[PDB]
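Q:
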Amino acid sequence: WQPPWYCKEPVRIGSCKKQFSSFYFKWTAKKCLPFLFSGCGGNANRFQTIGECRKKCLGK
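Note that the deposited numbering has the sequence shown beginning at 1, numbered continuously upward.
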């Protein structure tokens, strides 16, 4: 692994009055940080558990 898209890909929440759990891979950290996603306006840097986290941005 060498870093592709995901790691440097921006965190987006969206805007509607319910939030679902998410993790984004933080590029200057080297691990995933938690947030919550609303639904109405995200991207694709969102790992559903912290075990999916490492498969896009570490080579594991």
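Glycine included, each C-beta is placed from N, C-alpha and C at the ideal position.
Going by other Cβ atoms of all chains shown within 10 Å of its Cβ, with 16 needed for buried, is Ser-21 buried or exposed?
A: With fewer than 16 other Cβ atoms within 10 Å, it is exposed.
Q: If we ignore side chains and look at the alpha-carbon of each, how far apart do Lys-17 and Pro-4 end up?
A: For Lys-17 and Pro-4, the distance between alpha carbons rounds to 33 Å.
Q: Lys-56: buried (16+ other C-beta within 10 angstroms of its C-beta) or exposed?
A: Buried is the call here.
Q: What does the alpha-carbon distance come out to for the pair residue 115 and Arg-54?
A: This structure cannot speak to residue 115, because the chain is shown only from 1 to 60.
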